[PDB]
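Peer 1: here are the coordinates; sequence isn't available:
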């Protein structure tokens, strides 16, 4: 498993993005990009800014 913690709220702005709330625990799917990481947030998958999450 690889979990991350949402440090901030983020509202999706494009079709490949997903929304998260501060304090959400997300499943990390792909962290190859330095700026945008692919995560699973409940049942949805998509990108959020890498700077806004913290690896656990």
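Peer 2: Sure, I can see it. Residues are numbered from 1 along each chain as shown.
Peer 1: partner residues bridging residue 46?
Peer 2: Beta-bridge partners recorded for residue 46 (DSSP bridges): residue 39.
Peer 1: and the gap between it and residue 37?
Peer 2: 10 Å (C-beta to C-beta, to the nearest Å). C-beta: built from backbone N, CA, C; applies to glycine.
Peer 1: the more surrounded of these two?
Peer 2: residue 37 (22 against 19; other C-beta atoms under 10 Å).
Peer 1: who's in contact with the more buried one?
Peer 2: 4, 28-31, 47-50, 53 (C-beta atoms under 8 Å, 6 or more residues apart in numbering).
Peer 1: now the strands for this structure?
Peer 2: Using DSSP state E, the strands of the chain run over 3-6, 25-30, 36-41, 44-49, 53-55.
Peer 1: how about these in JSON lines, adding distance to residue 13?
Peer 2: Converted to JSON lines, the strands of the chain look like this (distance: least, C-beta to C-beta, whole Å):
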{"stretch": "strand 3-6", "distance to residue 13": "16"}
{"stretch": "strand 25-30", "distance to residue 13": "17"}
{"stretch": "strand 36-41", "distance to residue 13": "12"}
{"stretch": "strand 44-49", "distance to residue 13": "10"}
{"stretch": "strand 53-55", "distance to residue 13": "17"}
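Peer 1: buried deepest among those, which one?
Peer 2: strand 36-41 (a mean of 19; mean count of other C-beta atoms under 10 Å).
Peer 1: now the angle between strand 25-30 and that strand, please.
Peer 2: Calculated by axes from the mean of the first three to the mean of the last three C-alpha atoms, to 10 degrees, strand 36-41 forms an angle of 130 degrees with strand 25-30.
Peer 1: going forward, begin numbering at 48 instead of 1
Peer 2: Sure thing, new numbering starts at 48, so read that last one as strand 83-88.
Peer 1: circling back: how about the strands of the chain, which one is nearest residue 61?
Peer 2: Relative to residue 61, the nearest member of these by C-beta to C-beta is strand 91-96, separated by 8.3 Å.
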